[PDB]
Amino acid sequence: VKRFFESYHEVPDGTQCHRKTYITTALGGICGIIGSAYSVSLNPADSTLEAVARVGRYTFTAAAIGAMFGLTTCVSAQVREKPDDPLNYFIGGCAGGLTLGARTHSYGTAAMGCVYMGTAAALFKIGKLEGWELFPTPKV
Amino acid sequence: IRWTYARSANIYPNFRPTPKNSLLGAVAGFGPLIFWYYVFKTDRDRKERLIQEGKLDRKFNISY
Amino acid sequence: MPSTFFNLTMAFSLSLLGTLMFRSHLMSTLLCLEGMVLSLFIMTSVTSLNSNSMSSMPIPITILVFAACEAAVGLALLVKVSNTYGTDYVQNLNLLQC
Amino acid sequence: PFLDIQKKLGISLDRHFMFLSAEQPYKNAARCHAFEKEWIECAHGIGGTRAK
Amino acid sequence: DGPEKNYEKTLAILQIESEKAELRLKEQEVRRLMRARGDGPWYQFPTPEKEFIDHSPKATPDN
Amino acid sequence: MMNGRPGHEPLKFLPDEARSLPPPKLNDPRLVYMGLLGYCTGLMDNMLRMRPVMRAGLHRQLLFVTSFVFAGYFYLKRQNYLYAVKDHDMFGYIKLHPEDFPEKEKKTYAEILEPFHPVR
Amino acid sequence: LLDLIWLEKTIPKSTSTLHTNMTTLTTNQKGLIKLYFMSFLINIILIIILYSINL
Amino acid sequence: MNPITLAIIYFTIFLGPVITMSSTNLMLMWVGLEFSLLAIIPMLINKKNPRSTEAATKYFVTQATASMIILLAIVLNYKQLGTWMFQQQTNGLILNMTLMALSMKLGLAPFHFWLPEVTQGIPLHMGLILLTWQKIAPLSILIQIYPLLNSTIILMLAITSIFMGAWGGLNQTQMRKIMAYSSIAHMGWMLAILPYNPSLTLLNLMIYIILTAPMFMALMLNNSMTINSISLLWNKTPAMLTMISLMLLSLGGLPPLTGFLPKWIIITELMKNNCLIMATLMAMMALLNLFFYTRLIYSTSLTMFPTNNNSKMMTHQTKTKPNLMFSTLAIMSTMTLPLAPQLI
Amino acid sequence: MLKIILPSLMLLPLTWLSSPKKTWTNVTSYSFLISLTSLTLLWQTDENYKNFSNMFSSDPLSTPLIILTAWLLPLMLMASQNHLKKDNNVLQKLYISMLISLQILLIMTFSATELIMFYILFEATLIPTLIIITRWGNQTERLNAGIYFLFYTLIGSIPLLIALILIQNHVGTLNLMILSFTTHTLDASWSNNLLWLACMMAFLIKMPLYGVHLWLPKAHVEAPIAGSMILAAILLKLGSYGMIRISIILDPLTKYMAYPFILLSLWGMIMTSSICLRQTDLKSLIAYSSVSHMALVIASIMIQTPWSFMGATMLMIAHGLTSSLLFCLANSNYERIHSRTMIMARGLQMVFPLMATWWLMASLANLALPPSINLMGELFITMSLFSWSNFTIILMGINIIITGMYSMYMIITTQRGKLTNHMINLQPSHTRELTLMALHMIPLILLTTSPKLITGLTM
Amino acid sequence: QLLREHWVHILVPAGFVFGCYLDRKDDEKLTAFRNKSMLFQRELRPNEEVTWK
Ligand SMILES: CCCCCCCCCCCCO[C@@H]1O[C@H](CO)[C@@H](O[C@H]2O[C@H](CO)[C@@H](O)[C@H](O)[C@H]2O)[C@H](O)[C@H]1O
Ligand SMILES: CCCCCCCCCCCCO[C@@H]1O[C@H](CO)[C@@H](O[C@H]2O[C@H](CO)[C@@H](O)[C@H](O)[C@H]2O)[C@H](O)[C@H]1O
């Protein structure tokens with residue numbers, strides 16, 4: 001149910017680490033599986049075991065990025081006294097980017113992904129505080 | 001011609017990131033900015049503190 | 001009515017699924033499309049008969065007519081691709097990748 | 001319809017068999033004729049947003 | 001010309017460019033309310049037509 | 001948004017209701033720009049077909065400019081009608097619902113404690 | 001070190017790279033209807049799932 | 001094609017969409033869709049070359065699947081509400097499937113892989129119809145049901161298509177595929193603004209058509225179909241370069257040119273509705289379009305590419321192909337912003 | 001303002017309807033006369049700024065820039081008269097049309113009343129400038145330079161569009177008078193900080209900040225002389241003008257949102273000025289000098305004191321004129337030796353004694369010679385920043401030393417030293433070039449006589 | 001005749017004349033507050049029509 005994902009924001013960060021890490025890991029895994037399904041449906045692989053290896057690799061990589069992101073964000077918010085400070089999501093997104101770089105065996109991806117994912121996470125947190133709305137409904 | 005080309009357009013093509021290059025670039029770029037940031041911020045915060053209390057006397061500052 | 005409509009919707013879903021995933025022969029894909037046509041016509045027919053709406057029974061026949069016309073166009077295209085490549089295999093339809 | 005050619009010209013190519021309450025052959029009204037008629041006459045005038 | 005021309009023309013500029021602003025914000029409010037409540041001339045989505053109902057005596061009394 | 005406005009008459013360029021608005025002045029900047037566009041289009045046609053850019057096809061150029069102005073007049077009239085209708089519906093609705101558009105009372109500046117931020 | 005190398009790498013060339021990587025990732029399609037309709041199927045499923053979960 | 005076939009086929013292509021936009025009944029809108037689908041194919045396969053046949057088959061399969069999905073939506077709406085039009089009470093899944101299938105017909109991402117191939121295969125004079133006239137009907141079907149659409153689905157498709165078209169444009173060297181990707185991006189904008197204010201969707205459709213038709217006729221002039229080929233216009237037909245540059249830049253969407261007005265007005269509406277994130281991302285990614293148009297401008301107008309010995313006879317021979325409509329549309333598409341208030 | 005815009009537009013019909021022989025003379029003359037007409041905007045005998053209609057306005061900040069723009073066009077035509085010597089008539093007329101269009105758009109931009117006038121007329125400048133760089137440039141990399149110049153600015157600008165739309169939705173208008181007279185305090189929310197950035201970033205890029213200054217050294221060493229002149233005389237000041245007009249709403253956020261960009265400016269100024277010491281391309285050296293000066297301008301504008309604004313405006317004008325003159329001089333030597341290296345040609349004071357005088361005067365304007373308005377601007381910006389924090393004098397002084405140093409380095413390297421006797425092609429200075437340099441210098445001298453004209457809104 | 005090409009010299013001065021006329025029109029439209037502003041409002045002198053015309 002969407003209750004599981006909406007539970008991420010039940011309690012501010014720095015608390016219920018394990019639960020938030022689980023939720024982000026699941027979300028990353030889902031994104032990875034979707035991407036893997038696309039990447040196998042197009043650009044097929046020679047062997048069906050190759051295809052399943054590909055889906056495994058994509059899924060595990062995405063899950064790892066999500067898990068590291070959640071863990072680092074919660075750890076930052078907890079160790080420092082600022083619960084809702086977007087710098088925390090930025091550090092978490094940078095951790096995710098670095099993990100992606102490691103998984104891909106490349107420092108350039110580490111750096112680019114750190115910057116981009118950290119900015120994305122920080123903007124997400126800012127939006128959640130400030131009340132921004134993605135996918136709004138017609139108000140005119 | 002060769003000298004100018006070598007000091008201009010051959011550089012980035014013949015550049016490779018290395019640990020030493022990354023660290024040197026990052027420090028020589030950001031570090032001075034951080035240093036001057038701390039200097040100016042501490043100075044201006046002290047100035048604002050004194051001005052708030054009224055210790056600082058602006059004897060004839062008319063144009064600022 | 002309810003169980004019939006459920007099974008018919010499932011049938012159309014399966015035929016759509018069959019169309020979406022190919023299997024070499026283009027003729028089979030055309031047949032799957034034609035099966036979806038059958039299911040949709042049956043849906044409309046049973047709905048109209050259930051509602052006693054005799055003013056909407058002119059519409060399943062239009063469905064059949066237009067589906068027949070498109071099926072004929074499909075068969076002609078099959079003839080042309082066969083003339084081009086010697087078979088109806090969809091693998092050969094890959095030139096435009098470049 | 002996106003362009004109201006039919007309303008403009010006064011013709012009714014397809015506006016007469018839209019719902020179950022329209023004229024049927026040999027005056028055989030469809031199931032729920034009364035209910036549909038009530039709903040549609042209720043919802044005329046007021047916009048769709050208010051009718052809902 | 002002299003100062004009056006510029007000064008008073010500027011007053012006219014401000015008048016026009018404040019009224020336009022208030023009307024634009026008022027347009028926002030009115031369209032929001034009309035969309036949300038369907039009680040105005042705009043955003044009146046269509047509903048099926050009553051004229052093409054058939055009221056003649058039918059072949060079954062209870063229709 | 002305006003499609004469902006009561007009294008809407010389908011596919012009518014200028015509804016008779018539009019005759020009550022002041023008609024466009026025929027030396028309007030918009031119509032003049034239309035004429036300019038037509039003239040430039042004639043010149044472009046000459047250039048593309050490899051013709052004397054300004055000398056050749058004067059009948060063609062005249063037709064282009066006159067056609068642009070002729071279409072522009074009527075289109076401008078319709079646009080004026082539509083904006084006038086929008087304003088009419090605007091103000092009618094606002095007048096009908098005074099509750100949802102209350103008129104604000106503004107305090108003078110003396111009584112408003114606007115914070116002051118030094119620029120030191 | 002900075003002006004001719006690191007700034008160019010960081011701001012312009014990083015963007016240029018990433019976009020070229022993404023275009024070479026997306027555009028190159030084998031061009032087969034079987035695979036294309038498989039992707040359309042995945043779109044089908046994803047829209048269904050979104051509808052279901054969002055209710 | 002003999003004259004009678006030309007008359008009937010062209011008349012049916014014209015009829016289909018008119019039926020779709022003048023039909024109050026969903027089955028008749030579907031009839032219009034089928035008319036367009038059936039009648040276009042012979043024009044596509046007129047050449048009878050191996051690539052043409054494959055392009056026609058791809059078009060046929062995809063469009064037939066889309067039409068069947070739409071017909072399922074219509075039939076289920078009938079089962080529910082005893083009528084042939086979508087009502088506010090209609091089940092949400094029905095509208096979702098309709099939007100999805102009309103998206104497939106229109107070519108929007110992620111159902112976009114079919115359009116580039118068909119456009120590459122088919123000749124230019126039919127590519128124009130494919131990328132202009134065949135979009136009016138599906139977009140009309142959506143606009144007639146705009147108040148009931150799903151903002152999430154529509155925005156997702158729109159942003160997906162903006163990103164995908166922008167990225168796809170770069171790699172391609174072929175003009176036909178480039179115009180296909182441009183079509184995808186502009187349709188992305190159109191659908192992005194559809195649920196909020198369809199008047200601007202129609203404005204964008206008009207401006208995109210008025211910009212694409214001139215470009216397609218420009219390509220037809222010398223049958224250019226590649227960056228290298230179009231690079232030779234400085235020799236074969238110098239006059240057209242100025243307007244080609246202006247028109248590519250407009251399609252890209254620079255401020256002074258008209259192309260700005262669609263994007264600017266659409267961003268304005270989205271911001272009014274508080275769609276800041278999607279608006280920002282779409283505006284940002286609409287600049288790759290300017291990049292892969294600027295490459296064309298560089299190749300054609302601003303730099304002079306190598307030419308061939310035999311172009312001298314092309315110079316010698318006379319030319320009588322550019323139409324009046326080319327000049328009219330090109331100027332009125334790339335020099336009309338000062339009249340923007342009247343457009344919206 | 002419409003007595004200045006319409007003649008500018010009519011220059012185009014004159015350019016295209018003139019006979020091939022008299023086209024240059026006619027357009028140059030009528031452009032000078034348009035420049036004269038533009039002086040009517042200096043009859044401001046009252047504190048009430050001029051507002052000619054609902055669309056066009058003028059101010060103490062906009063009048064000097066508009067007059068400078070009008071002044072530049074004749075000089076641009078004179079500077080371009082030569083390198084277009086052997087092009088076909090239509091191509092020459094195309095160049096002249098591009099310059100006329102640039103002048104029209106820039107005057108309209110500076111005289112625009114609504115920021116969504118400004119956002120359109122500001123980016124419309126990209127097309128003429130891009131064409132000038134890419135079509136008539138010399139070396140091969142002009143295409144890359146054009147791409148950089150276009151896209152840096154577009155990436156900067158799109159967020160400006162978003163911010164402006166949000167502003168209009170929130171306020172109801174975008175007339176700058178109304179914004180000024182109904183402004184209100186922003187709150188330090190993250191969304192407001194993001195706005196501040198969105199409003200400020202496009203202008204900061206056009207005022208190349210130290211980290212986003214890579215598009216000037218390219219655009220300039222790939223652009224022809226007229227392109228360089230208009231660019232680093234007016235285009236660079238578009239950013240400053242936009243910042244000045246728009247900062248009124250963005251308060252009080254500036255107090256702490258200016259620390260990053262003040263720091264970047266005050267450091268990049270030193271870095272770029274130092275780069276000027278060891279650069280082997282005269283065009284590049286001038287471009288980096290311009291970057292340092294714009295660094296100063298940005299710092300002052302982002303501190304917002306009366307001195308800051310007034311000195312920033314003065315230095316904007318002074319840099320316009322001085323950098324223009326320097327680029328014309330360098331192009332003068334380039335038209336003969338067909339190279340851009342500074343080392344190659346030396347001792348040219350032994351063969352162009354008077355142009356050496358113009359070189360010396362330009363170098364003095366660059367190094368900031370009292371009482372020149374260049375100095376006055378830099379001095380007042382220095383006073384402002386010293387008030388802001390008394391430690392900035394260290395950076396200011398280091399930059400002053402290095403500025404003097406590269407300014408004299410140019411002169412010693414080129415004008416002085418043994419004449420590269422192998423250069424047979426060095427030809428006596430053209431009266432065209434000499435008159436161009438005179439027309440650049442004389443306005444500077446007259447304004448140094450009368451600084452009151454070029455002060456900003458504040459003073 | 002040399003007017004053949006010396007007619008072209010009338011464009012720019014015509015530009016100036018036309019611009020001045022249009023400026024007058026622009027000031028015509030903005031007539032309200034012609035003499036209704038706190039600072040400068042006055043009773044017209046005898047034998048007068050418009051303050052600033
Ligand atoms: C904060 C936002 C503002 C910052 C925005 C930055 C956006 C700037 C985009 C600039 C893109 C220019 O894209 C430019 O493409 C040219 C193609 O000629 C590349 O050119 C180069 O590519 C590669 C090097 O990687 C070489 O093999 C090639 O020979 C060389 O020409 C440039 O390396 C790239 O920079
Ligand atoms: C946030 C969105 C911002 C969008 C704005 C920025 C636009 C970015 C433009 C991306 C395209 C630039 O296109 C640029 O092309 C050049 C060649 O032309 C590529 O560079 C290429 O050079 C040569 C081949 O030409 C190869 O040796 C090299 O390995 C390859 O990379 C760059 O890698 C690519 O980045």
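- In the PDB archive, cryo-EM is given as the structure determination method for this entry, at a resolution of 3.9 Å.

### Some points on the interface of chain H and chain G
Alright, step 1. Contacts between the two partners involve 23 residues from chain H, matched on the other side by 18 residues from chain G.
Alright, step 2. When chain H packs against chain G, close to 2,100 Å² is buried across both sides, 75% of that on carbon and sulfur atoms.
Alright, step 3. Considering only the surface of chain H that becomes buried against chain G, H:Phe111, H:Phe113 and H:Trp167 emerge as the three largest contributors, covering 27% of it.
Alright, step 4. On inspection of chain H and its partner chain G, the count reaches 3 residue pairs in polar contact.
Alright, step 5. Sorting the residues of the side of chain H that touches chain G by element identifies helix 3 (50-81), helix 4 (92-106) and helix 8 (151-171) of chain H as the ones contributing at least two each.

### Section: the site of ligand 1
Alright, step 1. In the vicinity of ligand 1, the contacting residues are G:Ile11, G:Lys13, G:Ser16, I:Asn144, I:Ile147, I:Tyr148 and I:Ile155.
Alright, step 2. Near ligand 1, residues from chains G and I are present, making the site a shared one.
Alright, step 3. Between G:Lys13 and ligand 1, the recorded distance is 2.8 Å, taken from a side-chain N or O atom to an oxygen atom.
Alright, step 4. Measuring from an oxygen atom of ligand 1, one finds a side-chain N or O atom of I:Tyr148 at 3.4 Å.

### Things to note about the state of the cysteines
Residue and element names in this part refer to chain A.
Alright, step 1. Tallied over the entire structure, the rule returns 1 disulfide over all chains.
Alright, step 2. Here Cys94 is linked by a disulfide to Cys114, with a sulfur-sulfur distance of 2.0 Å. Here the S-S torsion is close to -100 degrees, and the disulfide linking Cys94 with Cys114 is therefore left-handed. Taken together, the positions of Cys94 in helix 4 (residues 86-104) and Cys114 in helix 5 (residues 107-130) put the pair 20 residues apart, joining distant regions of the chain. Per residue, the accessibility class of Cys94 equals that of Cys114, and both read buried.
Alright, step 3. Among the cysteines around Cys17, which has no disulfide bond, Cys74 carries the closest sulfur, lying 5.1 Å off.

### Thoughts on a nonpolar patch on the surface
Alright, step 1. Taken together, the side chains of F:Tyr39, F:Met47, F:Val53, F:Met54, I:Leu17, J:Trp7 and J:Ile10 define a hydrophobic patch exposed on the protein surface, amounting to about 610 Å² of accessible area.
Alright, step 2. Along the polypeptide, F:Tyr39 turns up in helix 1 (residues 29-49).
Alright, step 3. Given the relative accessible area of 31%, F:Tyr39 is considered partly exposed.

### Concerning the site of ligand 2
Alright, step 1. Close to ligand 2 lie G:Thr15, G:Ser16, G:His19, G:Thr20, H:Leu170, H:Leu288, H:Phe291 and I:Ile155.
Alright, step 2. Ligand 2 sits at the junction of chains G, H and I, each of which supplies nearby residues.
Alright, step 3. Take G:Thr20: an N or O atom from its side chain is 2.8 Å from an oxygen atom of ligand 2.

### Let's talk about the packing of helix 16 (residues 287-302) of chain H against helix 7 (residues 142-171) of chain I
Alright, step 1. Relative orientation of the contacting elements helix 16 of chain H and helix 7 of chain I amounts to 155 degrees, with a least axis distance of 11 Å. Considered as vectors, helix 16 of chain H and helix 7 of chain I are oriented roughly antiparallel to each other. Judged by the twist between their axes, the crossing of helix 16 of chain H over helix 7 of chain I is right-handed. Of the residues in helix 7 of chain I, those touching helix 16 of chain H at H:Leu287, H:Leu290, H:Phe291, H:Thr294 and H:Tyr298 are I:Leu143, I:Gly146, I:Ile147, I:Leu150, I:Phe151, I:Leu154, I:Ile155 and I:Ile158.
Alright, step 2. For the contact of helix 16 of chain H with helix 7 of chain I, the residue count by class is 11 nonpolar, 2 polar and no charged.

### Quick notes on the environment of E:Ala21
Alright, step 1. Looking at where E:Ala21 falls in the secondary structure, it is placed in helix 1 (residues 3-37).
Alright, step 2. Between the C-alpha atoms of E:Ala21 and E:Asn63, which are 42 residues apart in sequence, the distance is 57 Å.
Alright, step 3. Beyond its immediate sequence surroundings of up to four residues, E:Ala21 is in contact with I:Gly172 and I:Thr173.

### Here we look at the pattern of salt bridges
Any two side chains of opposite charge can pair if their charged atoms end up close together.
Alright, step 1. Under the criterion given, the structure shown has 35 salt bridges over all chains.
Alright, step 2. For A:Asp85, the salt bridge identified is with A:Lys82, shortest N-O distance 3.9 Å.
Alright, step 3. Taking the relative accessible area as the measure of exposure, A:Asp85 reaches 17% and is therefore buried.
Alright, step 4. We classify A:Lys82 as partly exposed; its relative accessible area is 44%.
Alright, step 5. For F:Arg60, the salt bridge goes to F:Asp45, with nearest N and O atoms at 3.8 Å. Separated by 15 residues along the polypeptide, F:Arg60 in helix 2 (residues 58-96) and F:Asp45 in helix 1 bring together distant segments of the chain. Each member of the pair F:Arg60 and F:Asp45 is classed as buried.
Alright, step 6. Where salt bridges share partners, they join E:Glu27, E:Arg31, F:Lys86, H:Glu269 and H:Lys272 into one cluster.

### Some words on the interface of chain C and chain H
Alright, step 1. Of the residues lining the interface, 36 residues belong to chain C; the matching set on chain H comes to 34 residues.
Alright, step 2. Carbon and sulfur atoms make up 79% of the area that chain C and chain H hide from each other, which totals about 3,300 Å².
Alright, step 3. At the boundary of chain C and chain H, one finds 0 salt bridges.
Alright, step 4. Summed over the shared surface of chain C and chain H, the number is 5 residue pairs in polar contact.
Alright, step 5. Elements with a minimum of two residues in the side of chain C that touches chain H: helix 1 (2-20), helix 2 (26-51) and helix 3 (58-85) of chain C.
Alright, step 6. Element by element, the count of residues in the side of chain C that touches chain H is highest for helix 3 of chain C, at 12 residues.

### Notes on helix 6 (residues 126-136) of chain I
Alright, step 1. Among the 11 residues of helix 6 of chain I, 11 are classified as buried, and the element is accordingly described as predominantly covered.
Alright, step 2. Buried residues of helix 6 of chain I: I:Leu126, I:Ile127, I:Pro128, I:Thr129, I:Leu130, I:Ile131, I:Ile132, I:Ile133, I:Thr134, I:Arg135 and I:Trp136, and no others.

### A short note on the packing of helix 7 (residues 136-143) of chain H against helix 10 (residues 198-221) of chain H
A packed helix pair is summarised by two numbers, namely the angle formed by the two axes and the spacing between the axes.
Residues and elements named next belong to chain H.
Alright, step 1. Running from amino to carboxyl end, helix 7 crosses helix 10 at an angle of 170 degrees, the nearest separation of the two axes being 11 Å. Relative to helix 10, helix 7 is oriented roughly antiparallel. Residues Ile136, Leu139 and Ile143 of helix 7 form the contact with helix 10, whose participating residues are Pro198, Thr201, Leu202, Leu205 and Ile209.
Alright, step 2. Split by residue class, the contact of helix 7 with helix 10 holds 7 nonpolar, 1 polar and no charged.

### A word on the side chain of I:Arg135
Alright, step 1. With respect to the helices and strands, I:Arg135 occurs in helix 6.
Alright, step 2. One buried charged residue, I:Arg135, forms no salt bridge at all, with the nearest opposite charge on I:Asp87 at 5.4 Å.
Alright, step 3. With residues up to four places along the chain from it excluded, the contact list for I:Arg135 reads H:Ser301, H:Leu302, H:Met304, I:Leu91 and I:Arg142.

Rules used throughout
Residues numbered from 1 in each chain as written, not as in the entry; some residues may be left out. Chains lettered and ligands numbered in written order. Part of a larger assembly, values for the part shown. Heavy atoms only, no water. Contact = heavy atoms within 4.5 Å. Buried area = accessible area lost by both parts, 1.4 Å probe. Polar contact = N/O pair within 3.5 Å; in protein donor to acceptor, adjacent residues only side chain to side chain. Helix = DSSP H or I, 4+ residues; strand = E, 2+ residues; numbered from the N terminus. Near = heavy atom within 4 Å. Disulfide = S-S within 2.5 Å. Buried < 20%, exposed > 50% of the residue type's maximum accessible area, 1.4 Å probe, protein only. Patch = residues over 30% accessible without salt bridge, like charges linked within 9 Å, V, L, I, M, F, W, Y side chains within 5 Å. Areas by Shrake-Rupley, 256 points an atom, 1.4 Å probe, with all protein chains shown as cover. Salt bridge = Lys/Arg side-chain N within 4 Å of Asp/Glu carboxyl O. Axes fitted to C-alpha atoms, helices over the stretch in contact; angles between N-to-C directions. Parallel < 35°, antiparallel > 145°, perpendicular 65-115°, else oblique. Left-handed = near helix turned anticlockwise from the far one by under 90°. Nonpolar A, V, L, I, M, F, W, Y, C, P; charged D, E, K, R; others polar. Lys, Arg positive; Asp, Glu negative; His and termini not counted.

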